[PDB]
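Below you'll find the structure, written out as structure tokens, and then a few comments.
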Amino acid sequence: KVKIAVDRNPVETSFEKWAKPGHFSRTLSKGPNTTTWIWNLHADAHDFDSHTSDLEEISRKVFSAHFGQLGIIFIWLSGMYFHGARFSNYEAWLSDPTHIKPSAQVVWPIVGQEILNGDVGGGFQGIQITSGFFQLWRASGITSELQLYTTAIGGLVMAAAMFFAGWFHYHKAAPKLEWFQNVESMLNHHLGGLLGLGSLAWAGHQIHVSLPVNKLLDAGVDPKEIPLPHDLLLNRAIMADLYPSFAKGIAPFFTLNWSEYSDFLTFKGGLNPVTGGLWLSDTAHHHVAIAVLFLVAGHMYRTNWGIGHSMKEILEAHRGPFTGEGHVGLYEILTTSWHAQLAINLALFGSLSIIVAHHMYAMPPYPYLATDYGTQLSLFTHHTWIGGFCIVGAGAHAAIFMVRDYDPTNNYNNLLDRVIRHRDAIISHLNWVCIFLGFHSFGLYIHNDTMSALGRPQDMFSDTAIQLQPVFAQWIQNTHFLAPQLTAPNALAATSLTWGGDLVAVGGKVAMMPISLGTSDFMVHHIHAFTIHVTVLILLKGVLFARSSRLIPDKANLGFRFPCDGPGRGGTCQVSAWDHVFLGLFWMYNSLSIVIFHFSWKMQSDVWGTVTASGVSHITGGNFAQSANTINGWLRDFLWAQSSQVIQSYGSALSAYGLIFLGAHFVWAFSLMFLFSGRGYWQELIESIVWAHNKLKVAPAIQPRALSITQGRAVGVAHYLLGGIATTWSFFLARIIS
Amino acid sequence: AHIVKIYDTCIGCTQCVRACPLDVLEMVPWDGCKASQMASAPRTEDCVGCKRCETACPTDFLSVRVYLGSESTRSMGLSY
Amino acid sequence: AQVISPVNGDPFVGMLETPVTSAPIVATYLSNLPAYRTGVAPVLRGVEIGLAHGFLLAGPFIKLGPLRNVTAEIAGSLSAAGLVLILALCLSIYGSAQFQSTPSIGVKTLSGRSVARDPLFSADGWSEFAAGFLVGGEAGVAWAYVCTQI
Amino acid sequence: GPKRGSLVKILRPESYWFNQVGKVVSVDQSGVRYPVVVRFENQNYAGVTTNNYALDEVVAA
Amino acid sequence: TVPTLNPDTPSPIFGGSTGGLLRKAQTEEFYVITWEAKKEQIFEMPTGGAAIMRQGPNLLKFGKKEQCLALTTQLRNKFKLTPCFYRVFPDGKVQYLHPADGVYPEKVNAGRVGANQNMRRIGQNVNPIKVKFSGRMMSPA
Amino acid sequence: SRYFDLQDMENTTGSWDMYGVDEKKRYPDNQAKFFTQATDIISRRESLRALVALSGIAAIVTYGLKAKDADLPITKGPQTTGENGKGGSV
Amino acid sequence: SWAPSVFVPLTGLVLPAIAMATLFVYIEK
Amino acid sequence: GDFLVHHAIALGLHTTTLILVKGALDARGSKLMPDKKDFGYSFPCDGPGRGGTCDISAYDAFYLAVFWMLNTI
Amino acid sequence: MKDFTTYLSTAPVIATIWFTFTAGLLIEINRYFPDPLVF
Ligand SMILES: CC1=C(C/C=C(\C)CCC[C@H](C)CCC[C@H](C)CCCC(C)C)C(=O)c2ccccc2C1=O
Ligand code: SF4
Ligand code: SF4
């Protein structure tokens with residue numbers, strides 16, 4: 001009987017616990033003796049599982065926490081709109097896209113910062129944005145700032161509502177464990193209402209607002225002169241005139257004469273030649289189909305009527321010879337452990353954000369997106385990152401489940417058991433495959449560097465000398481361009497020009513063109529696949545042995561987060577699952593960093609540039625295929641040559657990127673102090689300094705203590721990532737903008 | 001193997017025996033302390049040197065000390 | 001019935017007997033190979049193993065080498081004859097350290113009866129293998145360039 | 001031994017509270033060596049607020 | 001009082017894991033654990049895996065004494081049982097280990113004289129110039 | 001159904017020869033005689049460190065010292081006139 | 001070309017070959 | 001430009017000497033570890049207990065001091 | 001509100017209500033007295 005279950009007024013709402021830091025744990029509530037206290041209370045702030053054993057209280061905490069998050073995000077979205085309304089060039093940008101640089105930030109005039117307000121066009125002085133909002137706005141049919149203001153105020157209200165919601169569903173009406181466990185209902189409602197009705201109603205916006213307004217703009221008519229989007233609704237005469245099938249109304253819909261809607265619901269593909277973005281008509285039909293798919297999909301699982309599948313039944317059904325009892329027991333786990341769910345969800349979200357980057361790379365869905373190289377590089381790099389992080393996080397929490405929630409006695413599961421029983425083979429094989437991959441990828445580059453140094457170019461791995469052709473990839477590319485003829489007849493052009501031909505260009509710039517694949521590409525992909533396999537090695541090893549190993553059989557009792565178990569057994573540094581996540585972050589950074597470098601060099605050399613007399617001049621003149629085969633080529637043709645614009649960014653609008661360039665190196669290097677050292681030194685240092693304080697009667701009551709080993713590692717990895725990422729960030733953006 | 005010693009500052013709170021993963025220490029009667037008992041290390045050939053014992057000691061300064069010494073197959077935590 | 005089971009009855013031994021490891025076949029093929037045979041003297045095993053690698057090393061140093069674009073197979077010939085002679089140093093030096101007093105193997109069979117111990121591991125054992133790896137290797141190398149060349 | 005609750009300086013050099021002040025909790029009247037049980041306001045590294053000391057390793061000041 | 005006899009009794013249910021024995025058990029010293037489990041209830045394999053206990057006498061096979069004292073403390077704390085455990089050698093000999101004198105080491109038992117027990121404060125150690133020209137260390141004086 | 005026996009000291013730990021079948025010689029009468037006699041003088045281990053090392057150096061010092069363009073591009077040498085340096089040098 | 005044809009490959013291989021050989025036997029035995 | 005760099009070098013000097021001198025004087029004993037002299041010049045640590053004792057030995061002090069050598073010169 | 005004010009007098013809150021003050025002060029003084037290398 002799936003039903004609404006709630007506790008009434010479980011927690012009073014006075015500031016009695018605000019004024020008591022570390023209320024949430026009996027340990028911290030006692031107060032600080034040492035400075036370590038300060039760290040601990042922030043470390044364990046959101047760690048609800050260690051606070052209480054009650055799954056109810058945890059469950060109430062988690063989403064109210066999520067209502068708070070959503071409030072924050074709305075406020076963030078509110079921000080962008082408002083600035084896009086108040087402090088921007090958008091209207092100027094809604095009249096000559098080609099010759100205005102998108103800007104939605106102004107600096108105040110003090111302290112020389114004025115120079116950051118650069119010559120961005122439309123008679124406006126400011127910071128060029130690379131978020132890609134201006135194109136979203138054109139895609140949504142936004143024409144005037146007023147509209148942006150109104151959207152902003154709405155987001156602020158929504159922020160208020162989400163904050164209210166979060167206080168409410170903890171302090172007045174907190175749902176019961178039973179509630180949260182209605183997985184079938186949750187799944188159905190999220191699939192059908194959220195995604196389904198979401199893309200359906202959106203598709204409503206697209207068919208009634210986006211499509212018409214876009215055609216008039218692409219026609220060239222002044223945006224001020226364009227009819228307002230409500231008058232499109234009440235005067236369909238304008239819609240009839242733009243697409244004829246509106247004359248027949250919703251009659252063709254009910255009568256199944258859908259072919260009459262071929263005016264605005266297309267399958268053409270390729271790019272809109274006047275704008276370098278996907279057809280909005282393709283997108284409208286995309287969302288229409290997707291809405292139906294999700295809507296019917298969201299009616300799979302059993303709720304308050306006999307009809308529908310039960311998750312536990314499907315799970316208990318699915319067993320075979322090699323696995324024994326199979327999926328049995330998994331439902332119960334995945335209805336009692338937030339960690340396990342978090343682990344799943346982070347892996348697939350993360351994977352999703354990376355596929356989003358690519359698919360946005362290959363199929364620019366917004367107007368004048370493709371030709372704003374700054375925006376395109378920013379978005380692909382960004383989304384590639386957040387994915388990166390989320391995937392490592394999936395590994396982290398998987399291990400946390402493995403240590404804190406796994407209990408075979410109470411909640412048995414055999415798939416898991418069988419995995420545990422042969423972990424050694426898995427990890428050893430991953431080890432092997434990784435050494436393989438490392439040698440046969442890096443080794444190729446070292447081989448090339450050596451042959452190139454020894455004067456033997458004919459012996460190199462390159463299109464000229466050695467051929468390592470991506471035959472499969474070329475096949476699939478072959479199949480993709482020929483598909484509109486044979487296997488997808490109703491489709492006019494290809495999904496993407498990076499498979500097909502037809503080089504489409506806007507404003508003298510290349511929007512998209514066929515991407516050639518040679519030996520250099522063979523190289524970098526196998527480097528990737530190496531990096532991913534190593535990251536998986538570290539993280540999987542971390543999760544599978546989180547509980548026990550040959551060295552430390554009782555690791556499970558010691559925790560998820562802990563430094564070591566001493567210098568015994570020869571020495572046991574970095575045994576914990578946390579330490580695996582630790583090292584996993586570095587390799588992830590490594591992998592992701594070569595990807596975006598791959599992306600940037602690839603794009604500037606083989607794709608992007610200007611279009612002259614029946615011909616193309618690329619930004620870096622197709623050096624990739626010949627230069628990216630050696631380490632020296634990256635060192636010189638990518639790093640050294642490209643860093644030019646960042647290193648001389650001084651005295652300009654882009655100088656902030658030079659400052660951040662240096663600052664990010666600083667902070668990166670600064671991490672190494674924490675990573676390379678240990679708190680034994682620091683604590684003795686602190687002993688001497690404390691002496692000095694006491695000598696002058698200026699010693700603190702909160703006894704000054706060096707960071708824990710774990711915190712040293714966390715600070716280390718954090719500053720390492722922030723430094724690295726911020727440096728690449730200042731690099732690309734100054735580079736691609738200039 | 002590693003050397004493990006117990007000094008006379010021992011209170012005999014027994015945490016160091018109860019903490020050990022390889023059973024090196026034991027409690028013996030004595031005449032020095034309020035608890036009438038003291039810690040002892042008769043099995044140091046099985047000592048790994050992981051220093052849980054030390055971490056467990058309440059005395060100031062610690063009344064167990066582990067001096068990492070000549071290393072043998074057991075002290076190196078080997079199962080292979 | 002479970003496809004995968006404990007190791008020869010014992011479930012507390014570091015292994016899992018899959019249809020990959022233990023089966024009607026695999027237990028018959030691996031015993032057919034030179035090294036795993038128990039009853040044979042230590043001379044003939046090393047030759048049957050040693051020869052084989054002389055052909056696995058032979059193909060390689062012909063077509064990928066520096067003189068691949070030309071003395072291409074004379075080049076590839078004695079280079080396969082080399083990893084042979086180094087293995088012989090590796091296997092003679094491997095032997096020099098290990099065996100001081102008597103052999104050391106899992107004495108019994110799967111049936112469990114105390115079968116005679118193999119000379120695979122002994123003082124006079126690895127010598128005739130190290131010899132087999134040489135005479136097999138050096139001669140076995142020659143026949144990948146009496147057939148591809150001469 | 002010292003009177004209960006008296007402020008006492010530590011003179012054992014290997015202590016975390018060496019040359020520092022503590023209060024006497026109870027001096028055990030027996031044949032024990034370290035009878036003077038002292039408690040301090042500030043903990044050591046090992047999360048301990050209290051220790052045992054001998055009669056020559058305290059000075060009431 | 002007498003140390004345990006070393007009989008043949010059946011090990012508890014287990015599909016098998018890779019974490020278990022290797023070459024060390026064959027040519028070095030492996031380890032054996034003994035206890036009387038009341039009912040059939042599941043336990044954590046310290047070398048990885050789920051395994052069901054059987055009623056009556058149960059014995060396990062491990063290659064390190066940590067894998068015993070991780071399990072024993074997991075058998076002693078959770079189920080509240082009491083296991084004995086001892087070594088094995090590859091010529092067929094045994095070394096009785098735990099509990100060595102029937103009593104577990106944490107609570108006091110007569111007839112266990114003190115070993116490696118220094119009878120001074122640690123700061124009353126001599127400086128390591130006064131232990132050169134020897135094979136001695138800093139604590140044993 | 002008990003894997004715990006002090007008298008059975010080999011079955012206990014699991015030292016089972018996994019695929020070590022005790023079958024007869026499938027190897028031929030004429031051919032096994034060809035390759036016993038042929039590989040019996042090189043048999044001894046002391047003779048290998050005398051043969052393989054010194055005759056192996058005699059294999060490197062033969063095909064190593066034997067000096068023209070025919071086989072390698074260094075004994076070939078410089079076949080063009082010297083290039084001009086940075087500080088007006090030869 | 002007389003001297004360095006001999007002394008380079010002997011110092012390159014034949015010195016480390018018997019050094020790695022005779023130092024291995026010193027370690028293990 | 002000469003002015004700044006010499007003070008950078010002075011930073012180099014004083015800090016490296018801080019590591020080395022501190023390592024020398026606390027080689028014998030500290031409040032965290034009064035009996036350090038019983039262990040000697042290189043040791044991994046003294047365990048994870050009472051806070052954690054990584055890179056506690058004078059050995060490790062010199063190790064840390066090398067990095068500043070390198071940076072300074 | 002005895003409780004609410006104790007929270008406002010918490011370390012992280014005071015720091016921020018202190019730094020926005022001594023930041024403004026220094027931005028402010030750099031406005032009406034712009035670009036100093038003396039005084
Ligand atoms: C330097 C260093 C320290 C010592 C560094 C410390 C303790 C960092 C924290 C210092 C900051 C500055 C203290 C925070 C002070 C508060 C923010 C309040 C300041 C008051 C106002 C100015 C705001 C370690 O603890 C450590 C641990 C493990 C490995 C490496 C290292 C390491 O390298
Ligand atoms: S811990 Fe320190 S005190 Fe408690 S027993 Fe072991 S030694 Fe005596
Ligand atoms: S972490 Fe610091 S303490 Fe724990 S072991 Fe490694 S070094 Fe010794």
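Numbering starts fresh at 1 for the residues of each chain in the structure tokens, the chains themselves are lettered A, B, ... in the order given, and ligands are numbered from 1 as they appear.
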- Task: For chain B, work out the contacting residues on chain H at 8 Å, counting only C-alpha atoms, and write them as a ChimeraX atom specification.
- Result: /H:39,46-50
- Polymer residues at most 8 Å from residue 41 of chain E, only C-alpha atoms, same-chain spacing of 3 or more positions, as a list in words: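 So, after excluding close chain neighbours, the residues are residues 409 of chain A; 52, 53 and 54 of chain E.
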- Message: as a ChimeraX atom specification, please: every residue in segment 13-104 of chain E that a backbone DSSP assignment puts in strand (DSSP E or B).
- Response: /E:13,31-37,42-44,50-52,56-62,84-87,96-98,101,103
Can I get the selection written as a tab-separated table (two decimals), in the first residue's frame, with N, CA, C and O atoms?
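Saved result, out-v9.tsv, follows:
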chain	number	residue	atom	x	y	z
E	13	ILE	N	30.94	-24.31	6.07
E	13	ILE	CA	30.54	-24.22	4.63
E	13	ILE	C	31.26	-23.02	4.00
E	13	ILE	O	31.30	-21.96	4.65
E	31	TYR	N	48.66	-22.07	9.89
E	31	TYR	CA	47.99	-21.87	11.20
E	31	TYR	C	46.59	-22.50	11.18
E	31	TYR	O	45.92	-22.48	10.12
E	32	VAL	N	46.16	-23.03	12.33
E	32	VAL	CA	44.86	-23.74	12.50
E	32	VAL	C	44.12	-23.17	13.71
E	32	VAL	O	44.76	-23.00	14.76
E	33	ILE	N	42.81	-22.93	13.56
E	33	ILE	CA	41.92	-22.36	14.61
E	33	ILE	C	40.84	-23.40	14.94
E	33	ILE	O	40.35	-24.05	13.99
E	34	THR	N	40.48	-23.55	16.22
E	34	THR	CA	39.49	-24.53	16.74
E	34	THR	C	38.45	-23.81	17.62
E	34	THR	O	38.87	-23.00	18.46
E	35	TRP	N	37.16	-24.11	17.43
E	35	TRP	CA	36.09	-23.67	18.37
E	35	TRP	C	34.80	-24.47	18.16
E	35	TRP	O	34.64	-25.09	17.09
E	36	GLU	N	33.93	-24.41	19.17
E	36	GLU	CA	32.61	-25.09	19.23
E	36	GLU	C	31.51	-24.04	19.01
E	36	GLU	O	31.03	-23.46	20.00
E	37	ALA	N	31.12	-23.82	17.75
E	37	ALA	CA	29.98	-22.96	17.37
E	37	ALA	C	28.68	-23.68	17.76
E	37	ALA	O	28.55	-24.87	17.44
E	42	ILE	N	26.53	-16.90	10.04
E	42	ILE	CA	27.54	-16.45	9.03
E	42	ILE	C	28.65	-15.66	9.74
E	42	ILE	O	28.37	-15.08	10.82
E	43	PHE	N	29.86	-15.64	9.17
E	43	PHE	CA	31.03	-14.88	9.66
E	43	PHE	C	31.79	-14.27	8.47
E	43	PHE	O	31.67	-14.79	7.34
E	44	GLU	N	32.53	-13.19	8.72
E	44	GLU	CA	33.41	-12.49	7.74
E	44	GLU	C	34.71	-13.29	7.61
E	44	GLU	O	35.39	-13.47	8.64
E	50	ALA	N	32.10	-14.35	2.20
E	50	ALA	CA	31.03	-14.83	3.10
E	50	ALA	C	31.20	-16.34	3.31
E	50	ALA	O	31.55	-17.03	2.33
E	51	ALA	N	30.95	-16.82	4.52
E	51	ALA	CA	31.09	-18.24	4.91
E	51	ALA	C	30.15	-18.56	6.09
E	51	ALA	O	30.15	-17.78	7.06
E	52	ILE	N	29.41	-19.66	5.99
E	52	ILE	CA	28.40	-20.12	7.00
E	52	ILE	C	29.11	-21.04	8.00
E	52	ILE	O	29.77	-21.99	7.54
E	56	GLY	N	28.69	-27.71	16.35
E	56	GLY	CA	29.77	-28.60	16.84
E	56	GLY	C	31.15	-28.04	16.51
E	56	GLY	O	31.30	-26.84	16.27
E	57	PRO	N	32.21	-28.90	16.47
E	57	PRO	CA	33.58	-28.43	16.33
E	57	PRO	C	33.90	-28.00	14.89
E	57	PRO	O	33.65	-28.78	13.97
E	58	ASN	N	34.43	-26.78	14.73
E	58	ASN	CA	34.85	-26.18	13.43
E	58	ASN	C	36.33	-25.78	13.50
E	58	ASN	O	36.73	-25.17	14.51
E	59	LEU	N	37.09	-26.12	12.45
E	59	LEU	CA	38.52	-25.74	12.27
E	59	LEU	C	38.68	-24.99	10.94
E	59	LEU	O	38.01	-25.40	9.96
E	60	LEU	N	39.54	-23.98	10.90
E	60	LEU	CA	39.91	-23.22	9.67
E	60	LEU	C	41.41	-23.34	9.43
E	60	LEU	O	42.14	-23.77	10.34
E	61	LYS	N	41.86	-22.94	8.23
E	61	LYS	CA	43.27	-23.01	7.77
E	61	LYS	C	43.72	-21.63	7.27
E	61	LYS	O	43.13	-21.14	6.29
E	62	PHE	N	44.74	-21.05	7.91
E	62	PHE	CA	45.32	-19.72	7.57
E	62	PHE	C	46.85	-19.81	7.59
E	62	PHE	O	47.39	-20.75	8.21
E	84	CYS	N	40.16	-21.62	20.71
E	84	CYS	CA	41.61	-21.94	20.84
E	84	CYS	C	42.22	-21.93	19.43
E	84	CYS	O	41.44	-22.11	18.47
E	85	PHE	N	43.53	-21.71	19.29
E	85	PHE	CA	44.23	-21.78	17.97
E	85	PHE	C	45.74	-21.94	18.15
E	85	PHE	O	46.31	-21.39	19.12
E	86	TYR	N	46.37	-22.65	17.20
E	86	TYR	CA	47.78	-23.11	17.24
E	86	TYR	C	48.36	-23.23	15.82
E	86	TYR	O	47.60	-23.23	14.83
E	87	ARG	N	49.69	-23.35	15.74
E	87	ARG	CA	50.48	-23.37	14.48
E	87	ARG	C	50.47	-24.77	13.87
E	87	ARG	O	49.88	-25.68	14.48
E	96	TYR	N	51.31	-25.34	20.03
E	96	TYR	CA	50.14	-24.77	20.74
E	96	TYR	C	50.47	-23.34	21.18
E	96	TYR	O	51.52	-23.13	21.83
E	97	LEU	N	49.60	-22.40	20.82
E	97	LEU	CA	49.81	-20.94	21.00
E	97	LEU	C	48.79	-20.37	21.99
E	97	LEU	O	49.23	-19.96	23.08
E	98	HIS	N	47.50	-20.34	21.64
E	98	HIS	CA	46.50	-19.44	22.28
E	98	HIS	C	45.20	-20.16	22.65
E	98	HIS	O	44.68	-20.95	21.86
E	101	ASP	N	48.26	-20.31	28.27
E	101	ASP	CA	48.10	-20.81	29.66
E	101	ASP	C	46.60	-20.82	29.98
E	101	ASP	O	46.24	-20.44	31.11
E	103	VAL	N	44.10	-19.19	30.22
E	103	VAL	CA	43.67	-17.77	30.40
E	103	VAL	C	44.18	-16.96	29.20
E	103	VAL	O	45.34	-17.18	28.79
- Message: as an MDAnalysis selection string, please: the residues near segment 131-137 of chain C (cut-off 12 Å, only C-alpha atoms, same-chain neighbours under 6 positions excluded).
- Response: (chainID C and resid 34:35 41:58 77:92 95 124:125 143:144) or (chainID F and resid 35:49 51:52 56)
Write out as a PDB file with C-alpha atoms, in the first residue's frame which residues come within 9 Å of segment 17-32 of chain F when counting only C-alpha atoms, dropping same-chain ones fewer than 3 positions away.
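Resulting contents of around.pdb:
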ATOM      1  CA  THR C  21      41.404 -24.310 -14.771  1.00  0.00           C
ATOM      2  CA  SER C  22      40.129 -27.929 -14.089  1.00  0.00           C
ATOM      3  CA  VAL C  26      43.141 -28.708 -20.165  1.00  0.00           C
ATOM      4  CA  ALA C  27      44.260 -31.383 -17.578  1.00  0.00           C
ATOM      5  CA  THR C  28      45.155 -33.586 -20.662  1.00  0.00           C
ATOM      6  CA  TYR C  29      46.742 -30.820 -22.899  1.00  0.00           C
ATOM      7  CA  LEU C  30      49.034 -29.179 -20.217  1.00  0.00           C
ATOM      8  CA  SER C  31      50.414 -32.682 -19.260  1.00  0.00           C
ATOM      9  CA  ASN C  32      51.087 -33.354 -23.029  1.00  0.00           C
ATOM     10  CA  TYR C  36      54.721 -30.859 -16.791  1.00  0.00           C
ATOM     11  CA  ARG C  37      55.690 -34.536 -17.619  1.00  0.00           C
ATOM     12  CA  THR C  38      56.871 -36.330 -14.397  1.00  0.00           C
ATOM     13  CA  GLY C  39      58.443 -39.704 -15.435  1.00  0.00           C
ATOM     14  CA  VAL C  40      60.914 -38.526 -18.188  1.00  0.00           C
ATOM     15  CA  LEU C  44      64.583 -34.206 -23.492  1.00  0.00           C
ATOM     16  CA  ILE C 105      57.524 -30.092  -5.061  1.00  0.00           C
ATOM     17  CA  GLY C 106      53.906 -31.079  -4.259  1.00  0.00           C
ATOM     18  CA  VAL C 107      54.884 -34.797  -3.985  1.00  0.00           C
ATOM     19  CA  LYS C 108      51.420 -36.430  -4.590  1.00  0.00           C
ATOM     20  CA  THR C 109      48.983 -36.395  -7.601  1.00  0.00           C
ATOM     21  CA  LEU C 110      45.256 -35.308  -7.647  1.00  0.00           C
ATOM     22  CA  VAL C 115      54.361 -40.381  -6.262  1.00  0.00           C
TER      23      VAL C 115
ATOM     24  CA  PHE F  35      68.329 -35.504 -29.203  1.00  0.00           C
ATOM     25  CA  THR F  36      69.687 -37.356 -26.083  1.00  0.00           C
ATOM     26  CA  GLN F  37      73.141 -37.940 -27.752  1.00  0.00           C
TER      27      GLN F  37
END
- Message: As a quick test: using only C-alpha atoms and all ligand atoms, which residues lie no more than 12 Å away from ligand 3? Give them as JSON, numbers by chain.
- Response: {"A": [562, 563, 564, 565, 566, 567, 568, 569, 570, 571, 572, 573, 574, 575, 576, 579, 675, 676, 677, 678, 679, 680, 681, 708, 709, 710, 712, 713], "B": [49, 50, 51, 52, 55, 68], "H": [43, 44, 45, 46, 47, 48, 49, 50, 51, 52, 53, 54, 55, 56, 57, 60]}
